[PDB]
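Only one chain is included here, represented as structure tokens and corresponding to the form deposited in one PDB entry.
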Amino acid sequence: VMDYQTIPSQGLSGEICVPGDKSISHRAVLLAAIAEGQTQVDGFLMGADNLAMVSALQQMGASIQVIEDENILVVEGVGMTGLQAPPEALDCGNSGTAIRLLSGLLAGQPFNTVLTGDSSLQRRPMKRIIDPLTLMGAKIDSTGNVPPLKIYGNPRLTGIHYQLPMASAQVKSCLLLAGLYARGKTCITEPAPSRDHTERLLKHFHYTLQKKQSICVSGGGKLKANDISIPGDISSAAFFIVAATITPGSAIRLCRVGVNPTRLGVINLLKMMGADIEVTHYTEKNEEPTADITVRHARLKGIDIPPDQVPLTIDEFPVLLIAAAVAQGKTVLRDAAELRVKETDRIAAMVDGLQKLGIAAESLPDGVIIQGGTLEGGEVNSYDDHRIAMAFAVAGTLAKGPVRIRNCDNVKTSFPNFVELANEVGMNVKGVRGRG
């Protein structure tokens, strides 16, 4: 078992490219697997979650060559009906995304599948997908609406018109995938817009989409192979953006980062707090916009986080709360109860760690109240959550003393080369032997 140990930073500098987007990587390889023809995937995130998605597809006879050192996949698609019944339960590891997407993919197959994963994954809520999939005629056994899930494939799924009562957590993507195999059209309508990585990829693979506040697909179409280049993960960049923001003497450039508007919340909010962040060299390679992000040290003020930014920033709140901890004044986060049902309860985790580092932090059922202050050295627990681990690694840049973050083995689920890149820009992090 291993921990991260930090010492304060004298300032970040240089230019780095963060690894590929986790969310786009999952969808890219899944769609490529069932496409017709050969898809080359560049920038695939070679992390534990995305490789679990790869292994899972391979158990069902996807043809995927992994070239790990180059972040490349070469996928020979097996076509829409080309998958084969896997012999054992599919282990999604730590990956909520993989299990929810596979559920959509597998609901309409002519075979049965069991989906499971690690302890954390077996606590992630699935009611949100089970219910709509069932409306389409899926049959999914589960206890307490958490994995493991047993899917009894139904090749005669029916399109539904569904209005999700919540900015989807892969619910839209899940139903869209099921929609490809359903008879008729499947229409998903949502209160507020959410991530659209799936829609962009469906278009990329030439599957017809329509189109106003809702989105529809009709089943029985074909996915057509089309090479894809995956942008840097802005959720991964977020750690360095906060680090360069709060560490005096810092100036860095993050190259080739995805800047999808539905993912830009951390930038939007930091700027509101007074951050110094410039987006340049904006380009549009296939489907996903990417840009370079230049960050310089800046003093921050606490803010009331606007409710409309919450969906745009949900995954960056761990590291954003570090910025709040060192800002001048109070920060209030509301409407973010979804933080409690992630890999760990992220509100409880962040509040626990912040208090251990000398920050006045207070939990709400749907968020947190932070009084900006001074980070001390100390020791915190990652709660096995990659973003909690990395958030406190970022805390270490400004903490008065060393920060020990226990149990960081799961950082590689989303950011395999985190330690290397951190030390490269001047964020001091070392992996050391942990306990237990």
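In this text, residue numbers run from 1 along the sequence as written.
The form deposited in another entry is left out here; the points below concern that form.
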{"property": "Same rigid part for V351 and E376 between this form and the one not shown", "result": "yes"}
{"property": "Direction of C-alpha distance change in the other entry, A348 to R100 (at least 3 Å)", "result": "farther"}
{"property": "Comparison of CA distance in the other entry with shown form for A348, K127, at least 3 Å", "result": "farther"}
